[PDB]
Structures are given as C-alpha cells and as structure tokens.
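Notes for the one structure printed next.
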Amino acid sequence: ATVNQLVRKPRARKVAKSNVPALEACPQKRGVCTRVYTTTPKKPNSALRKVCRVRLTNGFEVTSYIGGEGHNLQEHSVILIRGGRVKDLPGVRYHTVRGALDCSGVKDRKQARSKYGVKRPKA
Amino acid sequence: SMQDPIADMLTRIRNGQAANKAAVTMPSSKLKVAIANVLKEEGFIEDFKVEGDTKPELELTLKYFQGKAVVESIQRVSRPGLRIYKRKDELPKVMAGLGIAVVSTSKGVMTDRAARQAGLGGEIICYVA
RNA sequence: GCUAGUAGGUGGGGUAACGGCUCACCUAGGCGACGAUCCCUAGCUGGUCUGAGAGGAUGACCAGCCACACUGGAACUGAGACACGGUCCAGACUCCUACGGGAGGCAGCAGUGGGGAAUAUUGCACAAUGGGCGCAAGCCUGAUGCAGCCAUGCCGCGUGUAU
RNA sequence: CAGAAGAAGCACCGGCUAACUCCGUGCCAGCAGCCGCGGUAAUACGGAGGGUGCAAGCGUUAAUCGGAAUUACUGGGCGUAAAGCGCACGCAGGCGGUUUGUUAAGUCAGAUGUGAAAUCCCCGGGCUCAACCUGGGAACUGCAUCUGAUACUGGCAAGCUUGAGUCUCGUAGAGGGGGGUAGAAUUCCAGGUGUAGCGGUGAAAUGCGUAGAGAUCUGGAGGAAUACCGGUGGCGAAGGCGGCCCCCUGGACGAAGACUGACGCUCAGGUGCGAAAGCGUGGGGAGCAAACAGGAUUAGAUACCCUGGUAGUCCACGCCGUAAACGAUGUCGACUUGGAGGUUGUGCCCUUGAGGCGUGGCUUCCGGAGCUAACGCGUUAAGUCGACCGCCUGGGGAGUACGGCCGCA
RNA sequence: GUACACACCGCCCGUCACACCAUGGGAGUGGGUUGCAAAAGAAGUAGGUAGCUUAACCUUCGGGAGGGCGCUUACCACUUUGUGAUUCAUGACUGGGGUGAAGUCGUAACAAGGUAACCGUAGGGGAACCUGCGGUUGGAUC
RNA sequence: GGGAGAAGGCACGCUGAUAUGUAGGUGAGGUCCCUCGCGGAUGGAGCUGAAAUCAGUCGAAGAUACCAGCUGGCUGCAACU
Ligand SMILES: [Cu+]
Ligand SMILES: [K+]
Ligand SMILES: [K+]
Ligand SMILES: [K+]
Ligand SMILES: [K+]
Ligand SMILES: [K+]
Ligand SMILES: [K+]
Ligand SMILES: [K+]
Ligand SMILES: [K+]
Ligand SMILES: [K+]
Ligand SMILES: [K+]
Ligand SMILES: [K+]
Ligand SMILES: [K+]
Ligand SMILES: [K+]
Ligand SMILES: [K+]
Ligand SMILES: [K+]
Ligand SMILES: [K+]
Ligand SMILES: [K+]
Ligand SMILES: [K+]
Ligand SMILES: [K+]
Ligand SMILES: [K+]
Ligand SMILES: [K+]
Ligand SMILES: [K+]
Ligand SMILES: [K+]
Ligand SMILES: [K+]
Ligand SMILES: [K+]
Ligand SMILES: [K+]
Ligand SMILES: [K+]
Ligand SMILES: [K+]
Ligand SMILES: [K+]
Ligand SMILES: [K+]
Ligand SMILES: [K+]
Ligand SMILES: [K+]
Ligand SMILES: [K+]
Ligand SMILES: [K+]
Ligand SMILES: [K+]
Ligand SMILES: [K+]
Ligand SMILES: [K+]
Ligand SMILES: [K+]
Ligand SMILES: [K+]
Ligand SMILES: [K+]
Ligand SMILES: [K+]
Ligand SMILES: [Mg+2]
Ligand SMILES: [Mg+2]
Ligand SMILES: [Mg+2]
Ligand SMILES: [Mg+2]
Ligand SMILES: [Mg+2]
Ligand SMILES: [Mg+2]
Ligand SMILES: [Mg+2]
Ligand SMILES: [Mg+2]
Ligand SMILES: [Mg+2]
Ligand SMILES: [Mg+2]
Ligand SMILES: [Mg+2]
Ligand SMILES: [Mg+2]
Ligand SMILES: [Mg+2]
Ligand SMILES: [Mg+2]
Ligand SMILES: [Mg+2]
Ligand SMILES: [Mg+2]
Ligand SMILES: [Mg+2]
Ligand SMILES: [Mg+2]
Ligand SMILES: [Mg+2]
Ligand SMILES: [Mg+2]
Ligand SMILES: [Mg+2]
Ligand SMILES: [Mg+2]
Ligand SMILES: [Mg+2]
Ligand SMILES: [Mg+2]
Ligand SMILES: [Mg+2]
Ligand SMILES: [Mg+2]
Ligand SMILES: [Mg+2]
Ligand SMILES: [Mg+2]
Ligand SMILES: [Mg+2]
Ligand SMILES: [Mg+2]
Ligand SMILES: [Mg+2]
Ligand SMILES: [Mg+2]
Ligand SMILES: [Mg+2]
Ligand SMILES: [Mg+2]
Ligand SMILES: [Mg+2]
Ligand SMILES: [Mg+2]
Ligand SMILES: [Mg+2]
Ligand SMILES: [Mg+2]
Ligand SMILES: [Mg+2]
Ligand SMILES: [Mg+2]
Ligand SMILES: [Mg+2]
Ligand SMILES: [Mg+2]
Ligand SMILES: [Mg+2]
Ligand SMILES: [Mg+2]
Ligand SMILES: [Mg+2]
Ligand SMILES: [Mg+2]
Ligand SMILES: [Mg+2]
Ligand SMILES: [Mg+2]
Ligand SMILES: [Mg+2]
Ligand SMILES: [Mg+2]
Ligand SMILES: [Mg+2]
Ligand SMILES: [Mg+2]
Ligand SMILES: [Mg+2]
Ligand SMILES: [Mg+2]
C-alpha cells in the first residue's frame, strides 16, 4: 500500500477473541453443576472422559472437565472452574479446580499434588 | 509521465553500471550537475561534462576497479511522493560511514559528512555505497 | 445530511467580565466526506507494562486537571458553592408517631450485610509535617504520623561450617 | 547466655526443554500448550528410586506486549499460493520538464520562553548491603516567538522547448452507425420423370413412404449466415468486428516542416461503454435448439445416442450489468546484452528487382543478464526506477444472512 | 496426465435417515433507551399587584416613601397522553449452515475419470447433476 | 399517485391599542400631455376593508345554537368508478 493510501485508510489491527469467554477475564469462576456425566473423545482417542455441565455465577452455562482419577461431584455441587481446553473433547473449554469448594482432591496422589488439590502426606 | 528526474539519473547510473557501460548520457539540470559534482569528488564516478546550449546533455563516465562497478548501490531517499528532511544531529550514516548520503543544504549539495562539519541539516537526496 | 436562538447584524437588558448570555426586530444564514448529525464505549494527563526501535497495550498506587456526593431540580449566604458530613421542593427506601405530623443519606476513617475468584483493624497519638480559629497559651484535625492483618510485590538474611 | 540447637518446599524429567530407569495398567484408567501418548517389554498414564530447575516460595488460571516482517512508517504482498476494478472518461485529491528573478510558507541554523514535581537515565550521597530515600545533571524527542540560511519543495513574475497538443500531405485497416444488393446452400410449396424403399445407429427402433416417399429436373416463397481469400493476418479502450456497393463517421501511423508553450500523469466518489443468457413491447422465424414427447441403452438412465420439437437464436426500441469479461499480469514515463519472423510506413543507392543499405509504428516465437518458491518472465519484463490508483491478510461458514441502493423480474 | 502415496481393491460428491450446536425468517409479544407533539406545574427566582401589615428615613404628626405577607404571571423538576425509532429477550413453525457418525441412494469430480473440465446465464431433474447459448485452457490424444 | 383529514395535539368570544380603520381593494377633484376622447400619466380626497400581534375582560363552557368525519389493528372475496 502507498503512503497516500495509508493516510486515507490506516493499517487495521485484527481483534483477537478469547478462547474462554465465560470467564469474562477472571482467573476463576464459581458454578453449580447441573449435570455430571461421561463422554467419548474424538478420534483417534477412545475413553470415557468425565465432564460436568455447570451454570456460573454470571449466568453462563458451560461444560467443564473433571481431571484426575475419581471425583465426588454430583448435581448441585458447587465448584470452581478455570481456563483450559480439552483437545479431544468437543466444546470443553474449562477445567474444574480439584480441591476447591465442593470438589475434593484426588485420592492417593503423590506427584503433582498441587495440580489436583492433595495435601502433603504425613510421612 | 516523468516526475522524478533525479531518480531517473540514479537509475541510469545503476543500470549502466550493471550493463558495464563506459558512460551514461541524460538531459541535464543544475541539480543533476551538483549531484554529479559530489559523485566525482567522492570518487564514485570518473568525470562528467555538459554539452549543448538549448538542450544541455550531461554525460557521466563510470568507473570500474577490478572488473566490478564502483557504485555498489545507489538509492533515492527523498522522493516526490515522500520528502525526507533531517536535522544536523540526525543525518544518516551510509554503510557505517563507508558510503555517502547526498544532502541538499542551504549552503548547497554536499555529502553527509560535509553537512555535519558545516553544522547543517537538509534534504536527503540519495544514498551511495 | 444536521441546525430557527439556529448563523450573523442593530438596539434594550443581564454578568465580576466578552459573548444569542437573554429579549425585540432585520438579514438567511451556520456546520458537514479534512466525517457534521446519530449510535456504542470512555474520566484526561504526568506516567506504567512491553518492545532493539518504531510501535502496541494501559491510566491501580503517587502528583496535576476535571466531574460527582441517595435520585431529579433549585436557589440562598458568601471573596469564593449552585456547597460530601448546609437550606428548600419532589421521588424511592428506612425509621419514629399520640395518626395531626416528623427524621435520615459512609463514593470521610473503622466496621456490617450483600455481590464476588478476590482485597485488612469498629487500633494509638496530635510527639513531627501541614491545616482551621486564636495576640498568645491553647483547642480542633480518621489530614497526617504510626501501630494491627495479608508471602500481594520487590530486596536482604537464615535454615549451619570443616572433617 | 545457652545450645545445631527452633526453621524446605513446589514444578518438571519423549521433542520444543535442563533432567531416566523399574514396577503397576493394557485405546482401560488416564495425560495433553502443540506434536501427540495409552492396543501386554509405556523414558508421555499412576507409584517408586534417581535426576533437573527454581526456592520461602513453586506451580496453575486470567490478562497485555513480545516472538508475529502475521496490518509491514521503520518493515510485506497481488501471473499460478489470498489479492489488478470487465474497459474507460473524468471532478476532488496526490504528483509535476527546464532557466532566471523574487518570496521565505515547508526545510535548515541559532537564541529566548515554556515543556510542574515525581518517574526513566548518568554521576554522587545516606540507611551494615540491597530494595528504599536523596543532591546535581541529562532528558522531556513538543509548542510559540525572534533573528538568520536559500540548495531543495511551495507561492509569485518572466521565459524556453525536449513532455503534451494544433495544421499541412499521404497510408493501411472485419473500427463504428445507416441503406442497398449478390451468389451458394438448407426448409417449404407446385409440377414433370420414376418405384420400393428412405432415414437413422455401435446395432436398432421411433419417424417418413404405394394416399407415390427417397432420388432427379423445373418454377416460386422465405429467413439466416457470408465458402474460397484467411494468415501465432488486420482494426478497436475493453466487450468485440469478416461477401460486394454507396452514405455518415471515430481512431492509428509515417515524411518534411510550421505553430502553442508544461496546456502534463493518475484518479476515491461520479459518469459512460460493456459477450452470452435473460426481461418488456412490437415484428420476424429458414436452419439450429434449452423445456417437452417418443425410440433406444441401462440394474435404473429424469442423461450421454436417435426421431421430433417450443422459447430463444434474427429485427426495432428499452431494461439487465454479469463471464476462466484471462496475459488469471492497473495506468503513465525512463533506463538495461541478443536472434529469427509477420504486418504497415518512409529515406538513399545500384547493373532495376522475390535487389542492397537504413530509419519509424504495431505484432509472433526463442533466449542473455537480472528476477522468481519453482514453473517461468526476459526491451511488448514477472529486470532496474519514479507517479497515482485498485486490491489481499489461514480454511470452512460466505460473496451467504440482515440493512441500504439499483432492477419489471 | 493426475485432486492417488497401505499408492485405482486409490480418491471422492450430494440428497435422504440419526445426533448435537450456532444462526436467518416468523402471527407476534414482553422489557431497556430515545425522537416528536402536547398536558402538567412543587419549590425557587424574576416581573406585576386588587387586599392585609409595617422598628431605622421624611413628615405639615394625619400620614408619605420604602419594606414584608398574600395573590398573580413567566421559566421549570416530578408526573401523564399519543405516536415513531432503536436495541435486548422470547415465539408454534420454517430456511439453510457447521460438527459427529456412519445407515440408504446413486457415482458428479480427480486419468481423455470412461459424455474434457470449468465460468456466466437459463431451463429441467430424488441427489450428486443434465441440457442449451457464449466464453476459458487451468484439456488428454493428434 | 397514494395510505392521509392517518393517528395525536394547540388556538378560537368580547374590548382597547398597534392603526381616531392597518395590509389590500376602489377611486373624485386638481395638475400635465395628447394623434381632443367613453383618452393617457400623475395624484390621492372619499368609500370599503381582511388578517395578525400586544394588553385587558366575562362565563362552567367562545367551531357555544342549527350545522358538522368516530378512530385504530388482523383477515376472506372482488382490482378499481
Ligand atoms: Cu401529634
Ligand atoms: K489413541
Ligand atoms: K443561543
Ligand atoms: K447581539
Ligand atoms: K446583545
Ligand atoms: K515505549
Ligand atoms: K500513552
Ligand atoms: K447528580
Ligand atoms: K471538601
Ligand atoms: K499537629
Ligand atoms: K505386564
Ligand atoms: K511498507
Ligand atoms: K520560514
Ligand atoms: K525557492
Ligand atoms: K474510415
Ligand atoms: K448483407
Ligand atoms: K481528477
Ligand atoms: K419477439
Ligand atoms: K425460427
Ligand atoms: K433437431
Ligand atoms: K439498430
Ligand atoms: K443480466
Ligand atoms: K485468453
Ligand atoms: K518493420
Ligand atoms: K523498410
Ligand atoms: K441497474
Ligand atoms: K418480467
Ligand atoms: K507425479
Ligand atoms: K450420504
Ligand atoms: K431455527
Ligand atoms: K410581593
Ligand atoms: K420493541
Ligand atoms: K423478534
Ligand atoms: K461431467
Ligand atoms: K478434465
Ligand atoms: K451450463
Ligand atoms: K424422484
Ligand atoms: K382571551
Ligand atoms: K385610498
Ligand atoms: K384604505
Ligand atoms: K366533517
Ligand atoms: K386476483
Ligand atoms: Mg462565547
Ligand atoms: Mg464510565
Ligand atoms: Mg518487534
Ligand atoms: Mg484516576
Ligand atoms: Mg449509595
Ligand atoms: Mg452573593
Ligand atoms: Mg460543585
Ligand atoms: Mg460542605
Ligand atoms: Mg457522609
Ligand atoms: Mg469505608
Ligand atoms: Mg460471597
Ligand atoms: Mg534434554
Ligand atoms: Mg509397562
Ligand atoms: Mg509420568
Ligand atoms: Mg508487529
Ligand atoms: Mg505475505
Ligand atoms: Mg485456484
Ligand atoms: Mg489466486
Ligand atoms: Mg485487466
Ligand atoms: Mg485514464
Ligand atoms: Mg519542478
Ligand atoms: Mg519533570
Ligand atoms: Mg537541565
Ligand atoms: Mg521556485
Ligand atoms: Mg414461411
Ligand atoms: Mg478517417
Ligand atoms: Mg472508480
Ligand atoms: Mg442476446
Ligand atoms: Mg421466461
Ligand atoms: Mg425478447
Ligand atoms: Mg418454427
Ligand atoms: Mg436432440
Ligand atoms: Mg466479477
Ligand atoms: Mg474474451
Ligand atoms: Mg480478474
Ligand atoms: Mg492492436
Ligand atoms: Mg523467453
Ligand atoms: Mg512474482
Ligand atoms: Mg448476494
Ligand atoms: Mg473405484
Ligand atoms: Mg429468531
Ligand atoms: Mg406548560
Ligand atoms: Mg408555582
Ligand atoms: Mg465440479
Ligand atoms: Mg464419473
Ligand atoms: Mg458414463
Ligand atoms: Mg466426465
Ligand atoms: Mg455469481
Ligand atoms: Mg434435460
Ligand atoms: Mg389506515
Ligand atoms: Mg366596485
Ligand atoms: Mg337535525
Ligand atoms: Mg376464512
Ligand atoms: Mg367490485
């Protein structure tokens, strides 16, 4: 583009949309689980991944992953969610925070405990 | 149409050097002559002469050192679509001072070093290296 | 496409002051693709973060400027206000009442409930700096100086040394 | 004073990325920023041992800039990757050959005022150090005013001819608009001769024919298109333009001059032209032929093939405004090795003709340097530069929806 | 020549059936904001003034001037009415789109893809598509 | 072209002033000219006369009587008179 053309119409920056709109630029958001269930991943993976449909304090209704082996979540559980997509799960853009609010930690976890809300064992 | 005789002069020099021409010829002007004087003084060209009265013609004798053109690169800086003026403290350095910038100052057309010595800014006509 | 006090002029009025600030009359003008009008968002700056730079993003703390003070409107007093802890009217809420009628405004400091992923003590003192009044002494000052809580950040140190 | 006495955790270890083995599991449980990992010998899941990185912190999430030259002013692109408007004329706007004088607006130099303090930076000072506090400077890249410089750009005045244009003579051309006419051929009509097939296909059938077809001869009607010439030939802004004749009319080119004196280039918006199909009104209709019908083929055959056939193709006027409207290449100007051709001018010379030597315009193929991801382009550039405009910013959704404008649709 | 590379036993298109998701239309209907035309008129300020009432000044001692209250007019907040605009939500039904999954129907494209492909347009068809007219080569063979 | 008088709304009597009656209309005498008449020009007396604005004023009510559109939304059918 010539300088005259840029004087007439300047260069325009492309606006980037967030991949986590339901957080509304907050580090976490609290929600109430409306459904807790399992779902199968996209090919080439196969599993029964644990997810929950949750309604947030801002009215957004989203799907959140429940990481770790085993969980204590059911309908009406109050949980905290954070950003983070699950690649093989269609439309799962958030992760449940283990060890916050009604979500317990993972039993018998010894490594990466802080990522799953597990206290230090008394050994 | 023709709208930048100075860029035309520079391009004639560039293309003649690329084509290994002994000399290049063009219609003359006082500004072209001043630029030719700077080029000759800095040793980028061998000589120049103006011939004719009503339609003056400027001829520049190009030089080659070891089978290679002396003018390695010549580039218009200020142009009709975008004029470039620099103050004395912001005069450009060409090839870390190994080349020259032709500058039009109120004391005439000279190199960037000469303009710095005179303490003048001006219009940056071209870079030569 | 927008504009009839609209643009300008004359005269009267008005203000501390110039001015369509206001009124009467006259002219038919004025703004706009160098984006008027309308719609959405937004306190502005010194600065801050990032970047080699040019830029991009941003405006918490500190300082300058502006605006607001439950919501809407108004003036009074005064050098100065259309006035956070003044006045009057209206409105929504809360409260008192003998049912006629009355009272109130933490976006001051601390604190409570609520919302939220999340942000502290209903502390000490005017000793210092500054402010109000006073001849002064002095009184007042949640400004301020300090103290309490929090790994929130930056910086320093330790959790031993040698064998 | 006492006694090591009261004081270490968090993430990671397949690649990016520093750090590897065993066991458990067996596309399960699970991991994941991406590439991906998990299927019975998993350095990728989970535990352990060992190791790596940070450390009173360590990880995760959110958010900004960076990397991203991935909006490119510095600092990108558009033949085929996304991208040149279908083609033009042209207002505003941007840009402007050459000489002299003048002006000093841009530009440049100096000075003055201001650019709060704090913050950033430099040299120092004080807290045991550091963070922190602090003295002075630098900086605040800006604005205004004054005084100077005049090369370049702008303004003003006067010129100049090389850009651009006018005149004179001639040349080629399917350039355009209007009218007339000619010959070939198809179809239809009438008549003569004549008799059993014709037509069609891969083979058939539908169809036509003893009510006399097909074939052959003669006469007539009518519409549409112009064989040969004809050519990587010509003309035109593009779309496009093809028998012959007349009338009206546009552009290009060449040779000598004469004339004007920068009158120029580009162009958002605007306006005009714009194949075929399609639309409206009125005509026309031979041949062809969407739709449609029948016959075939086939598993089917809403096709390809066959027999028919209506809009339409044609004319007048109006609308539509799109095409792989393509060189998938915007316009204008300058510059940079060569070869072989086509076409159309013109100068000179000779022994005078398929003659020789030049010099212009347009055009086809090859190829050098250079350029390009490559393919290729290559003086008609996609090379080297300048002026102006149009356009692109991952694939799909989508040139779609909604709104506006235009249109009879 | 190629759109094939576990390499034509390749690749691959669309309707239809199933699942999920966002979105256009939709009898309309509910909110938010706002334009225009009016109605309204608390308090305040300003102008006027029947009526009532007055500490300072002047009186010829009766009053006068001036002031205040009340009343009235102008401006205007709340509020009300009518009709538009815009925006958000929602709506039986309906349009196409994306994703997944592969079930039914075919085989349009890639080789000359078995009728070269594609562009504009028009008509037709369950579907990919077919046909006419002009155009392109980004067509194989010759 | 319409829809449209869409819808909805404001003003309206009388008195005085502007102005002893205004803008406008009409137009005599007088004066000048003339190709002298049922003429032209000027001139304005007299007559007639809206509408508006400002101020005031009466009533419950000023288009006061008679007279004199109800309006809007969805839809079937027929183009229309
Ligand atoms: Cu009481
Ligand atoms: K897998
Ligand atoms: K005004
Ligand atoms: K005035
Ligand atoms: K005035
Ligand atoms: K910066
Ligand atoms: K800034
Ligand atoms: K307020
Ligand atoms: K205050
Ligand atoms: K004090
Ligand atoms: K095993
Ligand atoms: K650039
Ligand atoms: K100057
Ligand atoms: K000058
Ligand atoms: K001609
Ligand atoms: K003819
Ligand atoms: K122009
Ligand atoms: K017709
Ligand atoms: K026909
Ligand atoms: K046919
Ligand atoms: K015609
Ligand atoms: K069309
Ligand atoms: K072509
Ligand atoms: K030639
Ligand atoms: K020749
Ligand atoms: K049109
Ligand atoms: K039609
Ligand atoms: K190949
Ligand atoms: K299918
Ligand atoms: K829908
Ligand atoms: K009063
Ligand atoms: K609405
Ligand atoms: K709706
Ligand atoms: K096909
Ligand atoms: K093909
Ligand atoms: K077609
Ligand atoms: K069907
Ligand atoms: K009245
Ligand atoms: K009169
Ligand atoms: K009168
Ligand atoms: K009526
Ligand atoms: K009908
Ligand atoms: Mg003013
Ligand atoms: Mg705000
Ligand atoms: Mg950078
Ligand atoms: Mg602030
Ligand atoms: Mg409040
Ligand atoms: Mg006062
Ligand atoms: Mg105030
Ligand atoms: Mg106060
Ligand atoms: Mg208060
Ligand atoms: Mg508080
Ligand atoms: Mg809470
Ligand atoms: Mg490594
Ligand atoms: Mg194993
Ligand atoms: Mg592991
Ligand atoms: Mg960048
Ligand atoms: Mg690029
Ligand atoms: Mg392509
Ligand atoms: Mg392309
Ligand atoms: Mg083109
Ligand atoms: Mg042009
Ligand atoms: Mg010039
Ligand atoms: Mg400063
Ligand atoms: Mg200084
Ligand atoms: Mg000049
Ligand atoms: Mg006929
Ligand atoms: Mg001619
Ligand atoms: Mg244009
Ligand atoms: Mg046609
Ligand atoms: Mg039709
Ligand atoms: Mg027709
Ligand atoms: Mg026919
Ligand atoms: Mg046929
Ligand atoms: Mg197009
Ligand atoms: Mg074409
Ligand atoms: Mg194109
Ligand atoms: Mg041509
Ligand atoms: Mg080539
Ligand atoms: Mg290229
Ligand atoms: Mg469209
Ligand atoms: Mg196959
Ligand atoms: Mg909807
Ligand atoms: Mg009112
Ligand atoms: Mg009142
Ligand atoms: Mg296709
Ligand atoms: Mg096929
Ligand atoms: Mg076939
Ligand atoms: Mg085919
Ligand atoms: Mg299209
Ligand atoms: Mg068909
Ligand atoms: Mg109606
Ligand atoms: Mg009369
Ligand atoms: Mg009656
Ligand atoms: Mg019915
Ligand atoms: Mg009827």
Side-chain angles (χ1 to χ4, degrees), chain A residues 1-14 16 18 20 23-30 40-50 56-58 65 67-70 80-88 90-91 94-95 97 100-101 106 108-116 120, chain B residues 1-21 24-32 34 52 54-57 74-76 78-90 103-110 115 118-125:
Chain A
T2 73
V3 285
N4 263 8
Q5 290 174 321
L6 296 186
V7 164
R8 290 199 251 91
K9 176 172 94 116
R11 305 287 199 175
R13 326 176 48 247
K14 39 257 174 160
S18 151
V20 282
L23 291 175
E24 286 176 326
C26 302
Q28 294 93 16
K29 271 276 158 60
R30 153 173 65 118
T40 60
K42 286 175 216 86
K43 44 169 37 103
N45 283 352
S46 196
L48 288 185
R49 308 234 182 275
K50 277 82 196 175
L56 298 190
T57 54
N58 56 12
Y65 189 64
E69 291 168 296
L80 206 68
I81 71 147
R82 58 155 174 92
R85 174 183 79 161
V86 179
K87 176 79 144 32
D88 63 13
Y94 312 95
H95 271 68
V97 179
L101 299 189
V106 175
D108 313 311
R109 189 82 196 227
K110 293 293 155 14
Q111 288 162 222
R113 274 185 294 98
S114 75
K115 296 186 172 181
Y116 301 83
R120 185 155 194 260
Chain B
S1 63
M2 167 72 63
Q3 287 165 49
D4 193 355
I6 296 322
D8 181 81
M9 165 182 202
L10 306 195
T11 290
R12 287 186 190 236
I13 292 175
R14 198 187 304 110
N15 299 355
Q17 290 267 252
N20 275 319
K21 301 284 234 149
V24 287
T25 296
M26 74 205 52
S28 187
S29 77
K30 38 194 295 202
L31 177 55
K32 286 187 217 203
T54 175
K55 274 144 85 179
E57 203 102 16
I74 180 157
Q75 180 218 315
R76 189 86 157 108
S78 192
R79 56 193 182 78
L82 179 51
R83 300 281 176 183
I84 302 287
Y85 310 101
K86 293 299 200 225
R87 290 178 84 229
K88 162 246 316 172
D89 40 285
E90 61 193 9
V103 181
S104 192
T105 84
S106 67
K107 289 331 213 185
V109 169
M110 62 180 84
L120 309 161
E123 185 172 347
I124 309 307
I125 287 156

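Convention: sequence-line order gives letters A, B, ...; per-chain numbering from 1.
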Under 3.5 Å for both distances, do we get a Watson-Crick or G-U wobble pair between D/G59 and D/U206?
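Not paired: D/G59 with D/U206 fails the WC/G-U check at 3.5 Å.
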Do D/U186 and D/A82 meet the pairing test, Watson-Crick or G-U wobble with both distances under 3.5 Å?
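No, D/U186 does not pair with D/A82.
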Find the distance A/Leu6:CG to D/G94:P and express it as a whole number of Å.
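Roughly 17 Å, once rounded to whole Å.
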For atom CZ of A/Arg11 and atom P of D/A68, their distance in whole Å:
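Answer to the nearest Å: 18 Å.
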What distance, rounded to whole Å, do you find between the two [atom1] atoms, one in [N] and one in [M]?
N	M	atom1	answer
D/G269	D/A401	P	24 Å
D/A276	D/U313	P	10 Å
D/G223	D/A184	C1'	15 Å
E/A40	F/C10	P	9 Å

Would you indicate what [X] reaches in the nucleic acid, counting non-hydrogen atoms under 4.0 angstrom: base, sugar-phosphate, or nothing?
X	value
B/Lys107	sugar-phosphate
A/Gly91	nothing
B/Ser78	nothing
B/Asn20	nothing

Is a donor-acceptor contact shorter than 3.5 angstrom present between the side chain of A/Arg113 and the base of D/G9?
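There is none.
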